[PDB]
């Protein structure tokens, strides 16, 4: 908080994205959040509450009018993402002008998450509508290109051009291998893990790097020069991946998901990070994940999605 300056809406949302020792400490922070809340969001945020999740640990949230509980983590997620369907589903009766009033706030605070949500939802629809793209093998990729020849001719023309393409991970889709298929395999095998993401230029640009010690599974790219929450290799960080069970946890990351269950090893408290920065887990790309990151989904089938 800058001295004499009220905190921005998304800074206040970030400040309450944590666990609390009791309910009163959260009402206090929430009262401050309400002094920064635009017009269509107050009905929900004026209804704060907490659930007791063992020990002296309280998860903060809001009781919806349908008598459902939504945590500050979920509020942070849908608003930072500009997840319009979920914003409408939670902040009921909100108008489109009110929804779009978050746009300027996201821009000034350099909130990057919205574009990752746009890529991921595109990627989900790609893998749902064109399941031959949900593959990570050389033969799977080649069959995927076989079934979508428009995408194949486009990408082969990208290879002839030779210009590498920046991916959402901060790594690159390069074109120097002997076949396009191999370029694709090289690209997607260099994705997956815990990413530190910072918006710049009013959110137009994102800079992302990989956090090695929160990446518990990595198959054989920009590495973060430091961990932003645990400096100087404490045992809490160096041992974070002990007992990691991919079958059970079903993610390559630990301590990189602010929206995960607070009792799971996926959870992380980022309430100290400024509003334009976040941690996230990006699972290893399928070919469809690469197509969705690049916005090449209109080349699938005869007319795309």
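Numbering follows the first chain given and starts at 1.
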Classify the number of deposited-sequence residues missing from the model between residue 220 and residue 221: none, 1 to 3, 4 to 9, or 10 or more.
4 to 9
226-234 versus 154-162: which one carries the higher mean Cα B factor per the record?
226-234
Would you determine, from the values in the PDB entry, which of 200-208 and 99-107 has the greater average C-alpha temperature factor?
200-208
The residue of 65, 251, 278, 36 with the maximal C-alpha B-factor according to the PDB record is 65
If you rank the chain by CA B-factor, which third does residue 305 end up in: lowest, middle or highest?
highest
Residue 216: C-alpha B-factor third of its chain, per the entry, is the middle
Would the CA B-factor of residue 184 place it in the lowest, middle or highest third of its chain?
lowest
Just say lowest, middle or highest third for the CA B-factor of residue 178 relative to the other modelled residues in its chain.
middle
Would you check the entry's CA temperature factor for residue 272 and let me know if it's in the chain's lowest, middle or highest third?
lowest
